[PDB]
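Enquirer: got an experimental structure here, sequence first:
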There are 4 protein chains.
Amino acid sequence: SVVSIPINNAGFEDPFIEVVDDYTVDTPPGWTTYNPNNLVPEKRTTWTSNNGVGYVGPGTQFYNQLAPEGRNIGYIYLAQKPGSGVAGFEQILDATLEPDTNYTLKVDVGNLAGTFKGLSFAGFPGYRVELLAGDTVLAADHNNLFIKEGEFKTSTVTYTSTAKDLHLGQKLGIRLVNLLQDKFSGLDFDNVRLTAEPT
Amino acid sequence: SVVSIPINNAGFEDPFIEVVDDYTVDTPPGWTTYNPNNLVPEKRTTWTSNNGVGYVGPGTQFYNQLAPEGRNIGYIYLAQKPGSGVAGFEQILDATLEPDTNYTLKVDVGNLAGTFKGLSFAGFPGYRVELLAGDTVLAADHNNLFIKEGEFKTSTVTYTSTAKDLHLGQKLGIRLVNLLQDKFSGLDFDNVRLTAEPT
Amino acid sequence: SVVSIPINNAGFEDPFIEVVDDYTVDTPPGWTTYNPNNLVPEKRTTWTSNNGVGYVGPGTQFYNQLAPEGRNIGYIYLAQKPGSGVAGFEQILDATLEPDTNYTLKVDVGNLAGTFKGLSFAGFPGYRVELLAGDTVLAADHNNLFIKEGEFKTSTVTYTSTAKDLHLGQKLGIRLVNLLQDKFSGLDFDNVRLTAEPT
Amino acid sequence: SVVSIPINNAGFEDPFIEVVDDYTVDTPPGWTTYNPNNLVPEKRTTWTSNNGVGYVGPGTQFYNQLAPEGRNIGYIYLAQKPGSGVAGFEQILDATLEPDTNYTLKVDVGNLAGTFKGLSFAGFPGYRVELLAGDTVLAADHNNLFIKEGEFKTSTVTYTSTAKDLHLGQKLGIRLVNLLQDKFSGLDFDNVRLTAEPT
Ligand SMILES: CC(=O)CCc1c[nH]c2ccccc12
Ligand SMILES: CC(=O)CCc1c[nH]c2ccccc12
Ligand SMILES: CC(=O)CCc1c[nH]c2ccccc12
Ligand SMILES: CC(=O)CCc1c[nH]c2ccccc12
Ligand SMILES: [Ca+2]
Ligand SMILES: [Ca+2]
Ligand SMILES: [Ca+2]
Ligand SMILES: [Ca+2]
Ligand SMILES: [Ca+2]
Ligand SMILES: [Ca+2]
Ligand SMILES: [Ca+2]
Ligand SMILES: [Ca+2]
């Protein structure tokens, strides 16, 4: 009776990227930029904070594995110094919070590795994965997993609704957040999945 | 190889309380009131927002069990309506963040049950347990456990430091947070423990 | 007496670039990539050898002046080590080599300055500017100017045709070449101009 | 603070030639034959590519002036058709490239005029003058000057070293190149001078 809640572009496979380690610098289709501190500008460049999709394919210089799912990951890179705020991806779903339901949200989180011409990718900014109803964070994993350089790990967030939950009927949502707690302050997400099961 | 990090009044056993289901309305010794939204006044009653310790002893009216540890729990009760903000307890420790270390923070979180003077304690405000270095939240459990009316369940929060962590040498800290996401908007904590071991 | 020979996209003003210091990684329209050593890949990323246009605008991090002309410059960046070859821009013109004519080719050449997060732009690869007829290099300036970090200088290349020049009647051409003699091995060009004067 | 850099046989005065318009067919002492395309054979004759020195003295048949310097010039004659490659003279010096130094190389380049035994010396193959460090061309004048039939003109090549030049400490060199871009495909050089000056 476990049911899949549809998420748009849940594995960041849109758009198709042809070249390994190439990437876009526009919000991935189906998602919005979560930007409570306005860290990410509307027009992004190499020199600014940005997010988008990237192709982790054979020959990749960033990971010791391929993408958790398909070709692509979704990334958020913050140029501002640690402590400046947070940003990432948000998506509000069509499904709504239902009573006496177990919700299970899984997302792979990646720590990009390596080096480019004096730029180091060592380090990680921390992550948070949030399940929302309306604009309440029902449950979140704030940086509990250790993610080695050049790997992805699956974050799992759980929530059980009761028959009289205040947020019943409000739209579900997901946020994938770069915490900007350290540098290199880029991190990746992939393979977002949300299931619901009668309790 | 697992080491205990000292925490003051980690079980809220101070002060001693004589009578079952009695309680204080002042910040527990060794803790401060985490009050980022000004919900808890300096001068409390039983009918303002408050915090304190409570004796969950034999035949308690609020739980199906005794305190997780010793006689007492620590409680936070917020009178303001859901969504007004958060508050709880904070303690800054003497130990500082060390590299290549796996930190494990555990706290028992209680969901009060029953009905007292015509007030129902049905419902739960949501919790967050935070592990700090300095004023940074390294890791947190934001409301992932499902806690039935009248029971405690253990929250586990984990952080792994690296060799170059920006926060090395900063004081470790703990926050125990009432999220005020619903009513009844009181919750309990007990048996705070923090360990460290080589990664 | 002196006539301007038209050149397409002679100031790299196509495409339009909105944000200061942003750039493209594709061959600018009207030009081709001069690629005698195959150093520049057909499909470029931020990480590969590349060419394109770059907006040298108010508040540029790269120069102590604005673009020699308009908004943009044309750049060629080579990732391969010094000595691996050359690459740049080429444009074959409609104009043909006429007798008893003094040709004067000028181009501004830029030595990009600064740093970004560990990337260093100190150093300069060397330049060569070539005037062609057909496949023949009639005249060239191979790296005679000294160009300080963060400025542009005008290179001038001259050829005088005789009554019975072998190449008479063949199409004129221009090449702008990154010599890859040192690092940082990026350099910029702007404001290409070619004049013809009967002798 | 400008200094002369010693060059051997810098005016091609060795060997002494007694009879006006007589010449040698062997590589001038102190120079080597620059031969990247094998156009000049080890054993030279009448109908072969050759180099040598030539006495441009009173009443010379080939010029409207005496030699730029002393009695002789150095010549390079290439018998192969235009486009077959290049050849000329090379000399590696004892001086090495030093930092923060302005180098100025000057060379007189000659366009032979007239007739010799029913053969027209009209036309000119083009020249290139190169300053080297090791086997890197630091700077060159590729054919920028216009040289009338029967005259010499001074080519000036300049290079400026920085503190961190990749080629620091390598031996300076000079190349004087016949480009074989047209016929009559002989040219002459004289009076090679190289100066260095702290920048
Ligand atoms: C290097 C960055 O943090 C931004 C680009 C990026 C972040 N993650 C990626 C995965 C595959 C290709 C590109 C990327
Ligand atoms: C009803 C409250 O939230 C305040 C008192 C209280 C909160 N939790 C308790 C546990 C044992 C005894 C008293 C208490
Ligand atoms: C920094 C590089 O070498 C490639 C991009 C680039 C080279 N030159 C530039 C001028 C303005 C904006 C960007 C550029
Ligand atoms: C074109 C030639 O006669 C080859 C020898 C030569 C080339 N240039 C010269 C000038 C004076 C005397 C002889 C020569
Ligand atoms: Ca994917
Ligand atoms: Ca990393
Ligand atoms: Ca206790
Ligand atoms: Ca309750
Ligand atoms: Ca321009
Ligand atoms: Ca530079
Ligand atoms: Ca001489
Ligand atoms: Ca001639």
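Expert: Cool, the structure landed. Numbering: from 1, shown residues only, chains lettered A, B, ... in the order given. Ligands and ions are numbered 1, 2, ... in the order given.

Enquirer: contacts, neighbours, all on C-alpha from now
Expert: Noted.

Enquirer: briefly note if stretch A:95-115 comes near ligand 5.
Expert: No. Stretch A:95-115 lies out of reach of ligand 5 by C-alpha under 5 Å from the ion, never closer than 9.4 Å.

Enquirer: what's the offset of that stretch from the middle of its chain?
Expert: From the chain centre to the centre of stretch A:95-115 is a distance of 8 Å (C-alpha atoms, centre = their mean, to the nearest Å).

Enquirer: can that stretch be found next to chain C?
Expert: No. For stretch A:95-115, no contact with chain C is found by C-alpha under 8 Å from any C-alpha of the partner chain; the gap never falls below 10.5 Å.

Enquirer: and the closest residue to residue A:160 other than its chain neighbours, how far from residue A:193?
Expert: Nearest residue to residue A:160 in three dimensions, chain neighbours excluded: residue A:102, at 4.5 Å (C-alpha to C-alpha, 6 or more residues apart in numbering or on different chains). Residue A:102 is 14 Å from residue A:193, where distance means C-alpha to C-alpha, to the nearest Å.

Enquirer: contact partners for the closest residue to residue A:136 other than its chain neighbours?
Expert: Take residue A:136 and drop its neighbours on the chain: the residue closest to it by C-alpha to C-alpha, 6+ apart is residue B:181, 7.6 Å away. Residue B:181 makes contact with A:136, B:82, B:83, B:125, B:126, according to C-alpha atoms under 8 Å, 6 or more residues apart in numbering or on different chains.

Enquirer: out of these, who has the most neighbours?
Expert: With neighbours taken as other C-alpha atoms under 10 Å in any protein chain shown, the top of the contacts of residue B:181 is residue B:126, carrying 26 neighbours.

Enquirer: give me the contacts around the biggest strand by length in chain A.
Expert: Determined from DSSP state E, the single longest strand within chain A is strand A:186-198. If you take C-alpha under 8 Å, 6+ apart as the criterion, strand A:186-198 is touched by A:1-7, A:10-12, A:67-69, A:72-78, A:100-112, A:124-125, A:127, A:176, A:178.

Enquirer: the residue nearest the centre of chain A sits in which helix or strand?
Expert: Of all residues in chain A, the one closest to the mean position by C-alpha atoms, centre = their mean is residue A:176, 3.5 Å from it. Assigned by DSSP states H and E, residue A:176 belongs to strand A:171-178.

Enquirer: what's the answer for residue A:91, then?
Expert: strand A:87-96.

Enquirer: partners of that strand, with directions?
Expert: Sheet pairing for strand A:87-96, assigned by DSSP bridges, gives strand A:32-34 (antiparallel), strand A:171-178 (antiparallel).

Enquirer: which parts of chain A sit against chain C?
Expert: Within chain A, the residues that sit near chain C (C-alpha under 8 Å from any C-alpha) are A:19, A:21, A:22, A:43, A:45, A:46, A:47, A:116, A:117, A:118, A:119, A:120.

Enquirer: run a quick neighbour tally on the residue lying closest to the last one once chain neighbours are set aside.
Expert: This points to residue A:120. Distances taken as C-alpha to C-alpha, 6+ apart put residue A:114 closest to residue A:120, at 6.4 Å, once the chain neighbours are dropped. Close neighbours of residue A:114, defined as other C-alpha under 10 Å, add up to 14.

Enquirer: could you measure from residue A:114 over to ligand 3?
Expert: Look at residue A:114 and ligand 3: by C-alpha to the nearest ligand atom, to the nearest Å, they are 20 Å apart.

Enquirer: now residue A:67
Expert: 28 Å.

Enquirer: same deal with residue A:132?
Expert: Here residue A:132 is placed at a distance of 40 Å from ligand 3 (C-alpha to the nearest ligand atom).

Enquirer: and residue A:118, how many neighbours?
Expert: Residue A:118 has 11 neighbouring residues, counting by other C-alpha under 10 Å.

Enquirer: pretty sure it is in contact with residue C:116, am I right?
Expert: No. Contact between residue A:118 and residue C:116 fails when scored by C-alpha atoms under 8 Å: they sit 9.6 Å apart.

Enquirer: residues contacting the closest residue to residue A:168 other than its chain neighbours?
Expert: Leaving aside its sequence neighbours, residue A:168 sits nearest to residue A:97 (C-alpha to C-alpha, 6+ apart; 4.9 Å). By C-alpha under 8 Å, 6+ apart, residue A:97 lies in contact with A:133, A:161, A:167, A:168, A:169, A:170, A:171, A:172.

Enquirer: restrict the contacts of strand A:186-198 to those near ligand 1?
Expert: A:75, A:77 (C-alpha under 6 Å from any ligand atom).

Enquirer: put the buried members of the contacts of strand A:186-198 into a PyMOL selection.
Expert: Here is the PyMOL command that picks out the buried ones among the contacts of strand A:186-198, judged by 16 or more other C-alpha atoms under 10 Å in any protein chain shown:
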select buried, chain A and resi 5+7+10+11+12+67+68+69+72+73+74+75+76+77+78+101+102+103+104+105+106+107+108+109+110+111+112+124+125+127+176+178
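
Enquirer: out of the contacts of strand A:186-198, which sit inside helices?
Expert: Among the contacts of strand A:186-198, the subset assigned to helices under DSSP state H is empty.

Enquirer: partners of the longest strand of chain A in the sheet?
Expert: Under the rule (DSSP bridges), strand A:186-198 has strand A:3-4 (antiparallel), strand A:72-77 (antiparallel), strand A:101-111 (antiparallel) as partners.

Enquirer: would you turn those strands into JSON lines with distance to ligand 4?
Expert: Formatted as JSON lines, the strands paired with strand A:186-198 follow (distance: least, C-alpha to the nearest ligand atom, whole Å):
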{"stretch": "strand A:3-4", "distance to ligand 4": "89"}
{"stretch": "strand A:72-77", "distance to ligand 4": "67"}
{"stretch": "strand A:101-111", "distance to ligand 4": "70"}
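
Enquirer: quick one: closest of those to ligand 8.
Expert: Closest approach to ligand 8 among the strands paired with strand A:186-198 (C-alpha to the ion): strand A:101-111, 18.3 Å.
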